[PDB]
Each structure stands twice: as C-alpha cells, then as structure tokens.
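First comes one chain, alone, set out as structure tokens in the form deposited in one PDB entry.
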C-alpha cells in the first residue's frame, strides 16, 4: 500500500538572527533565534511513498532538480526513514509560492512543509516539539515555521534539545506588517548554509556577534512583552546589521548587500525622521525587510515607491497560525 501527505508551511524572517552552526551534521545553532512568520510567502509540498521507488525524487516548481540537490534531499529522506521505521523511498512535489534560494527563507517553508507532510503520510503523530525537531534537520530556520506569529529556536545542546516554540504576544502580531523590497529574485551566489559555515569558522568578528546575541534576545523578548514597537525595532535592526558585519570579518570577506540594499535602508531612516516608525532586517541576500506597524503600512510603502519599481514592493501580514495539512 502507498502513503501520501500534503502540507503548507509559511516562511519566517529572523529578527534575532540564526547565523552559524555549533554542529554541522545535526544543525545545532551557535545561538538562540527569534523570528516572525509571514502569510504572504509559503511552500506547498506533497510527498508520496511507494514500494515501486528505488530512490527519492524532488520536483521543485515543476522541475526535477540537479544531482547535488538530489543528494541533499536523499540524506533528509534517510533521516525520515530511520525515524519512521521503514525503508520506503519517496517522491516529492513542491511548489515555492516564494522566490527560491534568494534570501527570503524558502528553506524554512520548504522543510517545514515537507516534515509536516511526512508526518501525515507515515502517520507519525509527532508533537509540535518533535515536528520542529524534524524540520530542523532539513533546514535550521525551518524549525521555526512549524509555528506562527513570533517563534524561537532554542539552541539546546544535542538533537533532542535543539528545537523551537511559539511565543504569546497577545496577538501583537496582528497589528504588525513587513514590507519586502525585492532587489534580486534569483539564486544567492553563496547559499545561507555555506556562507554561515565560512563566517562561523573563520570570521574575526564572529566572537563579537556571540557576545551580544543573548543580550539582544532578552531585549527583543521584553519588547514583545510590552508591545513597544520602537524598542523592538532598534534592537532587531542592530542585531541584523551585526550579523552582516560578521561576513566582513570572514576569510576572505564578503557581503550579501548591494548598493540598492543601502538605498533601501536610507528610505527607512527618512521615514523614521518623517515620523513613520519602521525598521529593517536582511536575511542572507540583498533583499530588505521592513517591519512597520499596520497603521503606517501605506505611507511607508509609498515612500519606497518613489524610488523602486512597483514589481518590487510587497507587503506581508504576520500570520498567527502554524503549519497546516491540505
């Protein structure tokens, strides 16, 4: 007989960055992590297990993928096979309703969607905590997409202790919004994974990253507990920039940032001066995310339109709900 599952997971952008791995093989992070989940961007993955298959197949956006991409999905399906009890090979059919490998967190939606589909298919009855544990093995950020609203990846010390949970903001997430500035739509030159790896191993500024990360997290946490937007913005803006500083310290150094990324930051500043409270963060890539309270979405979004082509400004709400079966 043949088992199938289909899930939809939304993406997440980290306010307090995950950048750098303690353990490269289980995906244990060097530091705790805090993100918001977005309902405008998402992955839909269906998985089918068949006695007929002899290796695992990934179909992504309609296309069978390459052979290091294959390799990557193989090692994950292996992890699923050990945990499930069986020997079945799978075929995966996934559509990214979100730009791919481009620094908009297709990793997080991808592997949350998959893990949750695997769960349904193989009838695993996984707790949210174990789900998060599973997605984490595919992609660090994916651990957080099991959940909605604000979520946190607790770094733990091994495979059982490293996972994520949700956080009550008493629905403060409902009054929030995130403007995407889509400067580049295409593949990162360097993948989140390998850039993280090089910065972590070699960066002369990494230690500086680590000495400040936890102080930022508590501050961000106290900000959500009080719903002080200004307080939250200030720390997440600095944290994000500090994350990128670590790349400048790598051997040899590098950056995901382009002139346009800077231009965007400036407009945020002008907005703040013009009395429109907003802050920016950047995943691994040139694109810029702008956190703004729902009230000033239109205004702030307008300010960008004076400078950017409108096929490039994209407002998302923050979703309150976690990953769903479909």
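Positions refer to the first chain, counted from 1. The term rigid core refers to the most C-alpha atoms you can superpose between the two forms while keeping them within 1.5 Å.
For the higher mean C-alpha B factor in the entry, choose 164 to 172 or 234 to 242. The recorded data point to 164 to 172.
Regarding 75 to 83 and 128 to 136, which shows the higher C-alpha temperature factor on average in the entry? Result: 75 to 83.
Among the candidates 37, 33, 275, 281, give the one with the maximum CA B-factor reported in the record. If I rank 37, 33, 275, 281 by C-alpha B-factor, first place goes to 275.
Which of these, 88, 112, 181, 213, has its C-alpha atom at the highest B-factor, as the entry lists it? Spelled out: the listed residue with the top C-alpha B-factor is 88.
Residue 15, C-alpha B-factor rank within chain (lowest, middle or highest third): CA B-factor rank for residue 15: lowest third.
Split the chain's modelled residues into thirds by Cα B-factor; is residue 301 in the lowest, middle or highest one? Ranked within chain, residue 301 CA B lands in the highest tercile.
Going by what the PDB entry lists, where does residue 26 fall on CA B-factor within its chain: lowest, middle or highest third? Its C-alpha B-factor, which the entry lists for residue 26, ranks in the middle third among residues of this chain.
Among the modelled residues of this chain, does the Cα B factor of residue 189 put it in the lowest, middle or highest third? It belongs to the highest third of the chain when residues are ordered by C-alpha B-factor.
Within this chain's modelled residues, let me know which third the CA B factor of residue 55 belongs to: lowest, middle or highest. For residue 55, whose C-alpha B-factor we compare with every modelled residue in the chain, the answer is the highest third.
Below: the form deposited in another entry, not depicted.
Among 188, 231, 165, 242, which is the residue that shifts its C-alpha 2 Å or more between this form and the one not shown, core superposed? So the residue whose C-alpha moves 2 Å or more is 188.
Using the rigid core as the reference frame, would you say residue 39 shifts its C-alpha by 2 Å or more between this form and the one not shown? No, the C-alpha position differs by under 2 Å between this form and the one not shown.
Following rigid core alignment, is the displacement of the residue 148 C-alpha between this form and the one not shown equal to or greater than 2 angstroms? No, residue 148 moves less than 2 Å.
Does residue 26 move its CA by 2 angstroms or more between this form and the one not shown when the core is aligned? No, because once the rigid core is superposed, the C-alpha of residue 26 moves less than 2 Å between this form and the one not shown.
Looking in the other form, are the Cα atoms of residue 101 and residue 207 closer together or farther apart than here, the change being 3 Å or more? It is farther: in the other form, the C-alpha atoms of residue 101 and residue 207 lie at least 3 Å more apart than they do here.
In the other form, the Cα separation between residue 143 and residue 101 changes by 3 Å or more relative to the shown form; did it shrink or grow? It is farther: in the other form, the C-alpha atoms of residue 143 and residue 101 lie at least 3 Å more apart than they do here.
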